[PDB]
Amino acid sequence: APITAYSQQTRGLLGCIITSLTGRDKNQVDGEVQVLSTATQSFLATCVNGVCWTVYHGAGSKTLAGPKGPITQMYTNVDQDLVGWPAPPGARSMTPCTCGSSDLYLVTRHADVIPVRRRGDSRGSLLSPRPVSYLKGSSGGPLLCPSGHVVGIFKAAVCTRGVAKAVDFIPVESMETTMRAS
């Protein structure tokens, strides 16, 4: 205790570029959070109820490289900044948060687990302000309840003068509506 995290790198520069072009990833997948990369950007994805969710501003319309070839997005909502792919085999699927605690954590690509106070449906305040450079590349990362269940994914940072005091996220609620709609 409390909730902790660590990261493991699975691919280098060259392999990432090649896998990007082939759409074929034969690597073993593990963990609740995937670190994703495109040609130009890196960011996060969180697997919830068998779908790997991330931000449209990272992934765009792109396929995800997979064991059988490129995986087509099963959910794409541009205005909500949300996309999802069926989770590849091996990703650890998270449970949505029920209880409704307002005491949250944000897990960053650096595998830090940072206290957040939920201020509304889609917003939470960083209890200790962070430099924006620290949060960059963490979009798609999970916001968790104290139990470790997921409330949503990191979308955007509210920042001034290079410091972020709060975060906007996409609630698991928005995932179900997106699934219900399509």
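The first residue of the sequence shown is number 1, and the count goes up from there.
Selection by C-alpha B-factor (highest) of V35, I114, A39, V55: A39 has the highest C-alpha B-factor of those listed.
Options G60, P142, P146, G137 - largest CA temperature factor per the record: Largest recorded C-alpha B-factor: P146.
Cα B factor band for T10 (lowest, middle or highest third within the chain): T10: CA B-factor falls in the lowest third of its chain.
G84 - Cα temperature factor, lowest/middle/highest third of chain: Its C-alpha B-factor, which the entry lists for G84, ranks in the lowest third among residues of this chain.
Third assignment of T95 from its chain's C-alpha B-factors: It falls in the top third of the chain.
Where the record places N77 (Cα B-factor, split into thirds across the chain): Ranked within chain, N77 CA B lands in the middle tercile.
Modelled-residue ranking by C-alpha temperature factor, third containing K155: According to the entry, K155 has a C-alpha B-factor in the chain's lowest third.
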